[PDB]
Amino acid sequence: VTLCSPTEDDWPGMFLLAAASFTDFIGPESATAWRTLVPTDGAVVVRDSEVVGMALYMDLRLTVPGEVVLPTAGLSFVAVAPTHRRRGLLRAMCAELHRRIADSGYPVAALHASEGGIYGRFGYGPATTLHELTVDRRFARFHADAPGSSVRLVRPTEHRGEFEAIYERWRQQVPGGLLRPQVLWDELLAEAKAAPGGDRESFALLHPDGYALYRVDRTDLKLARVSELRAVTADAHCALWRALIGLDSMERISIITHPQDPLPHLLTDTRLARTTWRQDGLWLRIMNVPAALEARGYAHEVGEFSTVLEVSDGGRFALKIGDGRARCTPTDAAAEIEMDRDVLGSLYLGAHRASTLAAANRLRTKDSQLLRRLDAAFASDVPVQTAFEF
Amino acid sequence: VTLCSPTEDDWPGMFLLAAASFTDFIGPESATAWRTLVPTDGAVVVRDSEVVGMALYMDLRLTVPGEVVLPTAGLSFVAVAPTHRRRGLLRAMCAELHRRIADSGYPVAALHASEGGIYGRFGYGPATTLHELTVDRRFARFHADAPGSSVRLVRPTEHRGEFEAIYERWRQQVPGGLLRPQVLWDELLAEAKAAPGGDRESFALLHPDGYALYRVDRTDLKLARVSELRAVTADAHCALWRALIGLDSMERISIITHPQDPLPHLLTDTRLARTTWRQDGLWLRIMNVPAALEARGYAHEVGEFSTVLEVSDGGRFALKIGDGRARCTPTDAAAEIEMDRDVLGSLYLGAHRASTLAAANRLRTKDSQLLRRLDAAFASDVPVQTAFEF
Amino acid sequence: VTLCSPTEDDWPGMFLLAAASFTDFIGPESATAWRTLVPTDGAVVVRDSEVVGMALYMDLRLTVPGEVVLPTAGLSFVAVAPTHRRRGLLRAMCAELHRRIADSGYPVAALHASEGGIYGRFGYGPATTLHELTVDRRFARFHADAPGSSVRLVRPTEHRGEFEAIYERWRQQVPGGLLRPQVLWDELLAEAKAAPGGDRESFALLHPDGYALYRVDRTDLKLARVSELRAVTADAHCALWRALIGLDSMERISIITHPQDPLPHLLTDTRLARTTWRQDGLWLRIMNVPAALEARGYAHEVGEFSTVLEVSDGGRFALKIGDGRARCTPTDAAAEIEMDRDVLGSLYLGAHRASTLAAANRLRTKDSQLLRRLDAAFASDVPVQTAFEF
Amino acid sequence: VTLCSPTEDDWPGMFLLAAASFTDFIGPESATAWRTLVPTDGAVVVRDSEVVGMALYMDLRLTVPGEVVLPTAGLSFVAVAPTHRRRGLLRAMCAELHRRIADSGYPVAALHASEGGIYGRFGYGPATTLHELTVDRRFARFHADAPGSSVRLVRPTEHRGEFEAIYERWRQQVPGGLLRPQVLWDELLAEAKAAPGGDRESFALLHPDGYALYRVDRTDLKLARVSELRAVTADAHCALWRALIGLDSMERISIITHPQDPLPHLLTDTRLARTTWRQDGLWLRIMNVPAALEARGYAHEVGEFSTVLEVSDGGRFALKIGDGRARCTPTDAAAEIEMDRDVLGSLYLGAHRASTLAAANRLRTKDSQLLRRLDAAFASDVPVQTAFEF
Amino acid sequence: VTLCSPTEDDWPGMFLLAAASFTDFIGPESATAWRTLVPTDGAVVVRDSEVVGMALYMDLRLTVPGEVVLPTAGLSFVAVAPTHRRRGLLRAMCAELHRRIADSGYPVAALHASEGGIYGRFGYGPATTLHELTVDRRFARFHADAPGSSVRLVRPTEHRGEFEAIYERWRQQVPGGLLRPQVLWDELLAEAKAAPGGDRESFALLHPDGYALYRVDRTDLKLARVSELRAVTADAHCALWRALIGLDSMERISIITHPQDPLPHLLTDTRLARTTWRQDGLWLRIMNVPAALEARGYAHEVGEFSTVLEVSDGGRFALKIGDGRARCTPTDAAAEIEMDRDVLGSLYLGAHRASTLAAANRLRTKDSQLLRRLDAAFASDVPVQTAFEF
Ligand SMILES: Fc1cccc(N/N=C/c2ccc(Cl)cc2)c1
Ligand SMILES: Fc1cccc(N/N=C/c2ccc(Cl)cc2)c1
Ligand SMILES: Fc1cccc(N/N=C/c2ccc(Cl)cc2)c1
Ligand SMILES: Fc1cccc(N/N=C/c2ccc(Cl)cc2)c1
Ligand SMILES: Fc1cccc(N/N=C/c2ccc(Cl)cc2)c1
């Protein structure tokens with residue numbers, strides 16, 4: 001077995017392994033669109049002859065707290081043949097790509113995890129939380145205090161520009177926001193079309209400062225699934241939910257959102273917005289600890305403090321945080337905080353509290369005051385969301 | 001119809017309405033135990049003759065942030081006869097009890113809500129969050145970093161003192177903690193016994209600094225239900241979960257816990273701790289805004305700030321927060337923050353962020369800096385939990 | 001094998017066959033109560049030694065159209081041992097009991113059928129229709145036109161006399177009404193008590209002119225099952241349904257009622273009263289055609305007409321109907337209407353239209369005018385209901 | 001918002017609202033076929049610009065008791081945008097169409113209801129009853145008395161003329177019968193073809209005097225669904241059911257039929273024809289009370305009687321019924337019967353008994369004899385059925 | 001009704017009856033491929049005009065114990081119109097085909113049974129056993145002793161020759177093996193392609209001495225269905241299962257195999273290979289008892305013995321078995337063993353033990369030693385499998 005950058009002659013074998021490995025395989029045509037986001041030397045294959053291993057990264061732009069956009073290496077299309085399990089092919093491919101990603105100058109790498117138990121050992125920590133809400137809309141009444149017709153029912157393919165403009169503003173402002181390039185808008189509006197023996201037609205609700213794409217479930221005809229809701233203002237978010245609660249032929253609206261979604265609070269009965277499902281969203285590997293920690297903004301509310309952070313096999317740093325900025329410098333001084341790289345990725349967008357990871361002993365300190373200060377500093381003012389799966 | 005304090009001759013009619021209104025009716029004997037927690041003039045009945053309305057409060061002790069214990073009026077046994085719906089009996093009973101609770105000097109009232117849509121209009125806001133985790137324990141492996149035999153499998157009825165001592169420490173420290181009096185320990189250890197055609201026998205796992213009570217589900221014989229886990233140290237919490245993952249005849253362990261429960265982080269696969277259910281726990285009505293706001297501790301990390309808070313039909317106050325303390329004084333100055341009483345109850349233990357209620361417009365301010373400061377000040381260092389249903 | 005009246009020494013063997021044959025076996029004690037309704041020579045057993053066959057009838061009083069009460073032989077406790085199937089024991093027992101019932105002077109016999117395919121060949125026709133309604137009471141609003149507190153939530157065991165008085169009036173007026181004797185009231189109010197690992201406690205709703213007994217389902221705790229609703233006036237029927245829709249802790253009320261139950265029409269949305277189940281109720285065998293046909297009242301609206309009815313192996317009769325009365329005399333004149341005895345039982349209480357049985361060719365005539373006249377004459381002004389299972 | 005007759009430029013916006021409002025949207029092509037049944041000025045739209053409201057009626061021919069065919073306005077394609085709920089758009093569209101329908105000279109309007117709670121307030125009463133029977137055909141044996149090869153298994157597209165001739169006879173004779181025009185036969189035989197990832201191929205059973213179209217369920221491969229069975233004679237109805245019980249690879253045959261369907265009576269076990277579902281079918285609004293009441297035949301069996309009927313905000317009439325005919329004349333005399341327009345629609349085809357609506361107080365009289373006379377007069381000799389959904 | 005060989009003008013009517021009779025109808029095109037396996041005079045139709053009955057046989061080659069290949073008449077496409085049940089059409093068609101099959105010189109006929117109760121009376125006995133195993137592959141670990149990359153994940157359409165070569169070796173050696181002709185390979189690799197709204201794409205696992213075709217289930221996306229696994233060596237069978245347990249995105253692998261499949265024994269936990277389903281596979285009718293009994297090999301382990309076998313209405317034979325060969329000669333001597341033809345078919349491939357059929361009295365002897373000798377002689381060294389459905 002040998003690991004190397006694939007040739008144009010290797011892609012047919014990679015599409016075969018993809019088809020066999022991913023039930024949601026977008027297909028060779030759709031796969032060729034995403035491929036435009038893979039840089040030269042962004043892919044590795046293992047050959048036995050035939051492709052038994054593959055992995056690649058895409059050039060992404062990720063918004064982190066303080067509205068800072070980081071170049072981000074998005075790992076995807078990671079697959080080992082069922083014939084070559086337990087031969088260390090994933091370890092070899094991840095090591096080679098991480099070397100390339102580091103050398104290329106990416107401060108962070110990211111992925112969506114097929115299973116929860118794989119990526120921790122390679123330094124990835126779950127950094128966003130997906131939260132399905134199901135609304136029994138038959139009972140939903142808006143609170144007297146709820147804002148709000150500004151919303152239009154439209155065909156998605158006829159309003160691409162308005163969606164792109166809204167999404168662009170949304171992402172420049174929401175931790176977890178990813179730049180969505182033209183090819184991914186092409187793929188999005190193609191999935192909006194009804195499929196024979198497949199998904200039903202998608203509709204859009206369009207506000208000047210928000211949109212929702214939804215479709216009726218293929219099997220449950222009383223369930224509407226919101227595939228995407230992007231609102232830049234509270235007014236837009238409320239107006240869009242008023243329109244969705246107005247789908248009078250539906251019993252239930254389901255959406256995959258984030259834990260801080262205000263929808264429950266718009267209703268007289270908060271319990272009507274049931275949390276039916278929760279899962280890790282985006283995973284982060286901090287490739288360069290000082291660059292990552294210096295790049296993001298921190299809470300202005302916490303006062304200036306200094307400490308020494310050790311990342312296991314990742315460096316030891318003098319960390320000074322004040323005025324919502326951090327300085328992270330090399331030091332041999334005694335560490336006051338110790339954690340694995342994955343734990344740092346989990347703190348980085350503010351989705352997990354340092355005191356919660358401390359309680360599990362994923363994060364060790366002898367100063368409870370230092371823990372409270374970390375919790376407060378790494379908190380995100382704007383709640384962290386999940387842009388789109390890759 | 002007339003509203004008045006019940007006589008000993010009214011309780012038989014109240015037990016009848018209870019039996020008809022609550023499927024989980026503890027029964028007259030168990031009801032007589034809880035009754036020892038109802039003060040003189042703690043109960044109202046509506047008579048037509050027969051009892052068609054009832055409501056009472058219990059004398060409770062609730063822990064709020066900064067380990068402060070407030071006398072708390074716990075509303076319970078609230079029932080209107082199915083024959084007397086839509087006649088304003090709940091409004092009349094709640095008004096009479098609130099008058100008594102206020103006059104008696106309780107700064108806060110609390111309840112568990114049979115439905116999510118009733119209690120908001122009477123000034124109650126959901127203040128804690130219940131979070132069911134289900135662990136597929138067949139796959140659960142502890143992380144290298146997880147602490148840890150210190151734990152003993154014991155019969156609950158033979159270790160009441162150790163449970164009472166652990167629970168007492170736990171509650172003096174956890175926002176949401178309630179003093180559990182002797183009669184409620186009597187009722188707890190009676191529900192620990194197996195019932196003919198009912199619940200199976202309960203076992204306990206006992207650590208010096210923690211316990212878990214669990215029982216196999218009556219129908220699903222591969223499901224263990226943890227009725228209660230109280231751990232005062234992280235070591236205890238980990239040691240108890242090691243023992244529960246050691247129930248090798250079970251497929252699944254389920255527990256009703258809080259959103260900050262560190263269990264997911266103790267495992268190599270965080271996803272094995274699935275969130276199967278989420279709901280409002282304790283509801284709070286702030287009876288006296290200045291007394292409540294001055295009583296709790298605030299985050300030391302936020303710097304001193306001053307604002308003017310208006311509660312709708314509940315006063316306007318000069319609110320100064322610094323050194324983790326608040327001063328709340330009467331003022332006629334322009335309000336910078338406005339909200340209904342229920343919203344204040346929802347912020348009070350730190351389970352809901354002011355910026356999330358602001359996004360739903362349940363909380364109005366024109367200062368984004370003031371919002372960030374409120375979020376940070378009302379945050380609880382120790383995560384808010386739910387002691388026990390009443 | 002021999003067929004004979006059982007001895008007191010045969011009843012232990014009959015209780016064994018009962019226990020093995022009927023999963024709902026009331027038990028020997030409850031069986032001894034019903035036994036007080038079996039006349040001397042009301043029972044047959046088949047012995048091989050051991051009881052392998054049994055059948056009995058009870059002395060009942062059945063209300064038929066025109067508020068006429070007929071002495072009725074109620075067949076019950078009919079069982080053949082699983083060891084003696086396909087040996088003609090049911091045919092032999094039914095023949096012997098029918099001989100006794102005829103000789104004793106009963107104009108009609110009745111039963112509830114364990115299966116739909118057995119009793120037709122012995123001359124029994126399904127004569128009432130059970131109709132389960134399930135109400136999603138969360139959506140139920142009463143119509144502006146609906147009548148209507150007159151209703152009290154009460155303990156069943158404390159209001160036996162009021163229930164007995166209401167039921168007695170109800171039955172003297174409703175085709176299908178049965179006299180309920182004291183022993184069956186004893187058994188009814190014993191099933192009202194909660195059972196360990198069994199049914200939950202029963203409540204009653206009591207109006208001067210109606211009652212409902214209901215209990216929450218043992219498994220579905222959001223379902224209330226109405227075991228019995230007897231209303232003598234429309235006001236009572238509406239008032240009782242207002243109270244049942246007021247069970248605010250329930251999602252669904254289910255009742256076994258009749259097809260003409262006005263409940264759907266009391267609601268703004270008739271569709272909320274879903275028909276979840278339909279089945280044959282009481283079966284009738286007309287033992288004496290002339291006595292049965294002369295005993296019941298007929299519709300005053302149909303004008304006087306005469307015809308010749310032949311029952312297959314049951315006689316031929318000159319049938320004259322006018323002024324809501326019939327004269328049925330022996331004749332050898334050509335038959336204008338022909339049908340089997342079971343078909344007559346199915347027409348007798350007015351639950352099945354002659355034109356519907358004609359369409360299936362269970363009833364043969366060459367006169368369409370005669371068919372319309374039969375339909376109209378045998379119609380019941382008061383809708384036919386089902387009193388209680390025996 | 002403005003209400004007006006749509007332009008050819010408004011139909012694209014109407015198809016969008018249709019697609020979003022009706023999951024069963026036939027599609028623009030199929031929608032263009034039905035459109036040939038909409039008269040000039042048969043449609044209204046509400047514009048904000050974009051279509052947010054629409055409603056139309058089709059020119060139909062409805063058979064009522066006495067084989068009388070009424071011109072009927074069939075409301076369909078009624079939709080309000082989810083963005084414009086609770087703005088009175090349905091009330092405004094229904095008022096405008098009713099004005100047009102009345103002025104145009106239609107004595108009655110009709111619809112199929114998406115929900116049971118909408119159309120009562122606009123004067124529509126449910127007038128037919130859908131009744132699903134499911135037969136476990138493995139146990140089904142025909143009764144000795146059942147009639148009856150006359151039936152051929154055929155391809156539907158090769159026998160359109162025979163189906164059209166049978167349906168035409170059926171409808172000229174069955175209350176609820178609708179003329180089915182050529183475009184609806186085009187649409188019917190297009191739904192008979194198998195769809196990729198959709199419905200399976202349809203077969204027909206053809207008798208000289210009846211047909212059945214059936215198809216195996218897409219998911220349950222042991223269930224046959226009869227989409228349509230039209231039989232003009234009892235022989236045809238029996239012969240077709242013999243053939244359907246002969247589908248030996250099926251466990252269950254399901255059909256949507258009417259409550260008087262004789263199928264149960266053709267079997268030795270009536271219980272094998274289970275009622276699995278019941279719902280309102282066609283709804284009627286009597287546009288002109290005297291014209292409607294004079295147009296239908298009445299039962300010859302009831303003797304001549306006279307009364308005064310008041311319809312709430314719909315007139316008061318001297319109503320004389322005799323010789324199966326009615327005369328309905330204006331009067332200011334005291335009303336003996338009072339009811340809302342919807343109630344009249346529910347009585348009109350004979351599916352609901354006046355005494356049942358009286359019991360719910362939807363229909364008020366102080367004469368019980370008058371009630372019995374109404375019940376008997378409005379009864380339909382031929383049972384009321386449901387032709388096809390529009 | 002008349003029975004005769006179909007004309008080219010009868011096949012359209014046969015495709016109609018096929019479509020109506022078989023939900024799995026391959027379709028006219030696929031049906032035309034299989035048709036190439038039907039000899040001249042291999043088909044009968046019954047005409048009323050229209051086809052109401054059909055049946056045909058295909059020329060097959062069946063492997064029986066001792067690696068002997070018998071010409072085999074494979075009955076298929078057997079259908080009676082639902083309009084012509086209970087008229088003896090199946091009896092008439094089976095009698096005509098059996099006459100032709102016998103005259104043509106086939107020693108055995110075979111079929112797959114749509115139901116278990118039809119074919120016994122026509123002399124067919126179930127001769128193979130289908131056994132579904134479902135593996136929870138998340139827990140599956142191979143035993144230290146298990147053999148074993150030799151296996152390649154490949155596209156089925158690119159490796160037809162290798163599959164054909166492996167299948168050919170497999171079938172020349174496995175009792176139940178059928179020659180698979182080119183047209184059936186054409187049909188197999190066409191079902192390997194993904195279908196719109198139908199089955200997902202098929203993958204293959206290819207070893208020098210084995211293959212598996214599998215596809216993910218259309219509904220359960222965590223279930224892989226192995227459509228076919230053919231392994232000529234134990235190494236191949238183990239290597240293929242190692243690869244299938246390596247489908248890490250699946251929870252469950254299901255396969256239809258035989259009762260002696262060694263898979264359970266390859267795992268440390270035999271219980272992980274759950275038997276979820278069992279059914280009769282191939283049915284045999286011995287057309288010529290002496291030819292069939294002399295053709296197969298017998299166990300060398302049993303010593304030479306002689307007996308007299310009577311088949312009910314099928315002959316009496318002197319049966320001598322020794323050196324794994326049988327001589328079967330006509331005799332009028334007293335029968336020592338008696339059985340129906342179907343029972344012989346059930347013994348013939350060694351799937352059913354003579355002592356088990358004796359215990360049910362399907363096989364009568366007064367010699368227990370003779371029974372043990374039959375059991376041992378008819379046993380198959382190589383376990384009997386099921387090639388493919390026809
Ligand atoms: F050839 C390439 C290059 C990059 C990514 C891919 N795969 N596409 C990724 C992806 C992941 C999840 C979804 Cl929902 C949809 C798409 C293929
Ligand atoms: F008479 C009284 C006085 C106070 C409370 C009560 N009811 N008990 C409350 C309660 C609530 C929930 C549970 Cl799980 C268990 C118990 C009855
Ligand atoms: F010994 C006897 C004499 C008469 C009837 C019986 N059985 N009781 C009948 C019965 C039938 C149905 C129900 Cl729900 C409840 C009870 C036993
Ligand atoms: F443009 C128009 C004009 C008239 C009716 C329609 N919609 N078609 C009605 C309809 C209703 C139910 C079914 Cl199953 C099938 C079809 C569209
Ligand atoms: F015209 C003919 C001639 C012979 C057989 C057939 N039918 N094909 C048989 C068959 C049986 C089962 C399956 Cl899975 C697949 C196919 C049609």
Side-chain angles (χ1 to χ4, degrees), chain A residues 135 137-138 140-142 146 148-159 192-208 210-226 236 238-253, chain D residues 1-2 10-28 30-31 45-54 77-91 93 112-119 193-200 217-220:
Chain A
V135 186
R137 58 148 295 284
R138 287 172 309 173
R141 308 296 182 257
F142 288 81
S149 195
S150 45
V151 176
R152 311 186 297 112
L153 172 62
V154 300
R155 292 188 178 275
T157 56
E158 302 180 358
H159 305 269
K193 309 170 176 58
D199 277 346
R200 314 178 56 95
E201 186 187 347
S202 292
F203 301 105
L205 296 172
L206 180 52
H207 185 282
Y211 67 81
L213 310 176
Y214 76 93
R215 80 199 332 156
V216 175
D217 183 271
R218 55 175 64 181
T219 63
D220 188 340
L221 265 51
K222 308 298 206 148
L223 173 58
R225 287 195 187 286
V226 178
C238 190
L240 287 166
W241 273 107
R242 289 186 180 278
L244 286 164
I245 303 301
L247 296 170
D248 284 2
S249 76
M250 298 293 109
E251 282 174 12
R252 282 164 286 115
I253 322 296
Chain D
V1 288
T2 64
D10 293 329
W11 282 96
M14 300 171 67
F15 291 146
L16 175 52
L17 180 54
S21 296
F22 315 122
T23 64
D24 58 347
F25 184 42
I26 57 192
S30 185
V45 288
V46 178
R47 264 185 250 108
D48 214 5
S49 41
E50 288 178 309
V51 177
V52 297
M54 60 182 189
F77 232 51
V78 181
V80 175
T83 59
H84 290 74
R85 297 297 176 192
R86 290 181 194 265
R87 283 186 182 68
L89 260 47
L90 176 63
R91 184 160 288 275
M93 289 191 301
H112 291 257
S114 66
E115 311 165 17
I118 312 287
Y119 284 114
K193 309 170 176 58
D199 277 346
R200 314 178 56 95
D217 183 271
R218 55 175 64 181
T219 63
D220 188 340

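Values below: every heavy atom of this structure, side chains too, minus hydrogens, waters and symmetry copies. Chain letters run A, B, ... following the sequence lines, proteins first and then strands; every chain starts at 1.
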**Prompt:** When heavy-atom pairs shorter than 4.5 Å are enumerated against chain A, which of D:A81, D:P196, D:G13, D:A19 gives the highest number?
**Reply:** D:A19
**Prompt:** Does A:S149 use its side chain to pair, donor to acceptor, with the backbone of D:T83 at less than 3.5 Å?
**Reply:** yes
**Asked** Which class fits the ring pair D:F25 and D:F15: parallel under 30°, tilted 30 to 60°, perpendicular over 60°?
**Response** tilted
**Request:** Please state whether the side chain, the backbone, both or neither of A:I245 comes within less than 4.5 Å of a heavy atom of chain D.
**Result:** neither
**Fill in**
If one checks every heavy atom of D:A20 against chain A at 4.5 Å, the contacting part turns out to be both
**Prompt:** Heavy-atom distance under 4.5 Å to chain A: side chain of D:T23, backbone, both or neither?
**Reply:** both
**Request:** Could you tell me whether the side chain of A:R242 and the main chain of A:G148 form a donor-acceptor pair under 3.5 Å?
**Result:** yes
**Message:** With a 4.5 angstrom heavy-atom cut-off, is it the side chain or the backbone of D:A195 that approaches chain A, or both, or neither?
**Reply:** neither
**Prompt:** Do A:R137 and A:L244 pass the side-chain contact (heavy atoms from CB on, under 4.5 Å) test, and can you show the C-alpha distance, the side-chain angles, and the key distance before you say yes or no?
**Reply:** CA-CA 8 Å; A:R137 58 148 295 284; A:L244 286 164; over 6 Å; no
**Prompt:** Non-hydrogen atoms of chain D under 4.5 Å away: do they reach the side chain of A:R215, the backbone, both or neither?
**Reply:** neither
**Asked** Taking atom NZ of A:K222 as the centre, does the number of heavy atoms from other residues, nucleotides or ligands within less than 6.0 Å exceed 12?
**Response** no
**Request:** Taking the side chain as every heavy atom from C-beta outward, state whether A:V216 and A:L223 have any pair of such atoms under 4.5 Å apart.
**Result:** no
**Fill in**
Applying a strict 4.5 Å limit to non-hydrogen atoms, the region of D:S21 in contact with chain A is backbone
